[PDB]
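For reference, the structure is listed below as structure tokens.
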There are 2 protein chains.
Amino acid sequence: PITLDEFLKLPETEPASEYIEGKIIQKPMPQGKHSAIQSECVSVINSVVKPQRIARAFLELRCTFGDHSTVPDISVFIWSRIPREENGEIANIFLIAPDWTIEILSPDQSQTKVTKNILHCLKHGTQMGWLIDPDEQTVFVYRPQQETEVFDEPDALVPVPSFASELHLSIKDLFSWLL
Amino acid sequence: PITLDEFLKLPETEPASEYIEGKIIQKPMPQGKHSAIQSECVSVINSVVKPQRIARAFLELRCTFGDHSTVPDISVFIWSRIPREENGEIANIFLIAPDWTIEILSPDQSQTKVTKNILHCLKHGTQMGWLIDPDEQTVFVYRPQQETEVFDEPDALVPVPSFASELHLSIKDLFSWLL
Ligand SMILES: [Cl-]
Ligand SMILES: [Cl-]
């Protein structure tokens, strides 16, 4: 029995807490496999979009919109959508959906909760969602009003939003980050 | 290292074995919660579609198509698509996709594998897929070329294919089958 406004006054937790459909759900504990893919994924995206100020990928950033407050594993925002203070530095609060959300499964994660979170992002303007399953070496690709797409062939390139089109990431390259 | 033709010559297992993307994957072990929803779900669908020979819901029926051989928890076929022998009785082999596939999660089930199986059905003519998550009291609804839809409000009706439009099943009714 808690509202979003009430939830946002509460202190941060480790792992972070999400406010989904009126419920407070704590994110899963960090795991080796999860961290390896997460850190390398942010690094590879930013190497492609950050130099020419196209976009920026953020680790564990809180996104509050559409009566939910979530913490995607990776949130990617195009430059024009990054909220900034008057001095030009990035704002502490993000009240908008990412342009590209990336979720990586870990043993204690709820795949149903993650899928709902990705679909909620798409409902509020997200261009693309990625659901990475390390165990199955699979990526589910989510686009607004389109059937979920499956990528699991080692040589297959995983689609990226058009602002990140210079990124050519194969399934084999992604899951090699576990090695 | 096995083909579909070779796989189909092999003996049946308990739990049943599926042939997906050239791999043999055994279904999860039966569980109480899973069986309660599965048995009641087949009963409720057939009470709506079997009397007027609209369709028929089958438990654990093997469906072999598009180089895969799967065993959906529940397969629903419209009357005109039920394969029949010369004498008019239902055939032992189904070489086509169900009109409606229903998958119910259980503790050892791979939600990624199930989603791939539902999406493979849609690629070969299935009208609708249901992914029931008893633990999260959620139903994911899959339609060809449409974004996945989420149903989790207790009073919400879960969509059904138009041949089964007389079925009005709420989320609360579905998960009450666990009580
Ligand atoms: Cl910046
Ligand atoms: Cl999906």
Side-chain angles (χ1 to χ4, degrees), chain A residues 1-29 60-75 93-98 100-106 108-126 128-131 133 140 142-145 148, chain B residues 33 37 103-105 107 111-112 114-115 118 129-143 146-159 168-179:
Chain A
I2 188 141
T3 67
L4 174 62
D5 291 330
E6 284 162 19
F7 167 83
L8 292 165
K9 294 168 197 170
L10 304 174
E12 282 271 355
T13 63
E14 225 295 303
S17 295
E18 298 187 302
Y19 180 88
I20 310 155
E21 300 177 329
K23 305 165 192 78
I24 302 170
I25 308 154
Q26 198 172 9
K27 279 186 70 167
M29 292 284 291
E60 303 290 333
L61 174 74
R62 176 168 308 278
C63 295
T64 305
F65 57 89
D67 197 46
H68 292 194
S69 184
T70 57
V71 188
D73 287 339
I74 306 157
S75 282
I93 308 292
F94 279 62
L95 298 169
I96 53 158
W100 179 20
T101 183
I102 301 156
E103 300 282 16
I104 305 141
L105 298 179
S106 55
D108 296 323
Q109 187 55 299
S110 165
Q111 186 163 349
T112 287
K113 175 190 78 189
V114 163
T115 299
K116 290 179 186 186
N117 284 346
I118 291 167
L119 297 167
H120 179 79
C121 287
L122 296 171
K123 182 184 183 175
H124 293 279
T126 297
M128 183 177 284
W130 273 15
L131 174 52
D133 181 341
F140 292 108
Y142 293 86
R143 293 174 162 118
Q145 282 80 65
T148 305
Chain B
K33 279 163 73 165
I37 287 177
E103 300 283 14
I104 304 141
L105 298 179
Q111 188 164 346
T112 286
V114 162
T115 298
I118 291 168
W130 272 16
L131 200 173
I132 300 168
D133 182 340
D135 290 343
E136 297 265 2
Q137 296 178 46
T138 295
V139 184
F140 293 108
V141 168
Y142 293 87
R143 293 177 222 242
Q146 282 185 232
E147 183 175 326
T148 304
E149 285 180 357
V150 193
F151 294 89
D152 59 29
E153 286 292 291
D155 305 317
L157 292 184
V158 191
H168 306 299
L169 185 69
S170 67
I171 286 290
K172 137 155 67 185
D173 286 342
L174 211 175
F175 298 105
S176 77
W177 302 335
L178 294 178
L179 312 172

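Letters go in sequence order (proteins before strands), and every chain restarts at 1. The figures here come from the full heavy-atom set of this structure, side chains too, leaving out hydrogens, waters and symmetry mates.
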Keeping the roles fixed (side chain from [X], backbone from [Y]), state whether a donor-acceptor pair exists under 3.5 Å.
X: A:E103; Y: A:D73; result: yes
X: A:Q109; Y: A:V114; result: no
X: B:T138; Y: B:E136; result: yes
X: B:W130; Y: B:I104; result: no

Could you check B:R143 against B:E149 for salt bridge (charged side-chain N to carboxylate O under 4.0 Å, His left out), going step by step and ending with a plain yes or no?
CA-CA 9 Å; B:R143 293 177 222 242; B:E149 285 180 357; 3.4 Å; yes
Determine the minimum heavy-atom distance between [X] and [Y], stating which atoms define it.
X: A:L122; Y: A:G129; result: CD2-N, 4.4 Å
X: A:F7; Y: A:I2; result: N-CG1, 3.9 Å
X: A:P15; Y: A:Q26; result: O-NE2, 3.0 Å
X: A:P144; Y: A:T126; result: CG-O, 3.5 Å
X: B:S170; Y: B:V158; result: C-CG2, 4.4 Å
X: A:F65; Y: A:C121; result: CZ-SG, 3.8 Å

Look at the rings of A:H68 and A:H120 and say which category their plane angle falls in: under 30° parallel, 30 to 60° tilted, over 60° perpendicular.
parallel
Mind checking whether B:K172 and B:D155 have side chains closer than 4.5 Å, heavy atoms only?
yes
Heavy-atom side-chain contact between A:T64 and A:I93 under 4.5 Å:
no
Once rounded to the nearest 0.5 Å, what's the spacing between atom CG of B:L179 and atom CH2 of B:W177?
12.0 Å
Hey, are A:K27 and A:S17 close enough side-chain-wise for a donor-acceptor pair under 3.5 Å?
no
Judged by modelled atom types alone, do B:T148 and A:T148 share a side-chain donor-acceptor pair under 3.5 Å?
yes
Kindly indicate, with the supporting measurements, whether the criterion side-chain hydrogen bond (donor to acceptor under 3.5 Å, both in side chains) is fulfilled by A:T70 and A:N117.
CA-CA 8 Å; A:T70 57; A:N117 284 346; 5.6 Å; no
Taking atom CD as the centre, does B:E153 end up with more than 12 heavy-atom neighbours from other residues, nucleotides or ligands that are less than 6.0 angstrom away?
no
Knowing that exactly one of B:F151, B:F140, B:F175 qualifies, which makes a side chain to side chain contact (heavy atoms under 4.5 Å, CB included) with B:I132?
B:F175
Salt bridge (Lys or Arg N to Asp or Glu O under 4.0 Å): which pairs involve residues 1-16 of chain A, sequence neighbours left out?
A:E12-A:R62
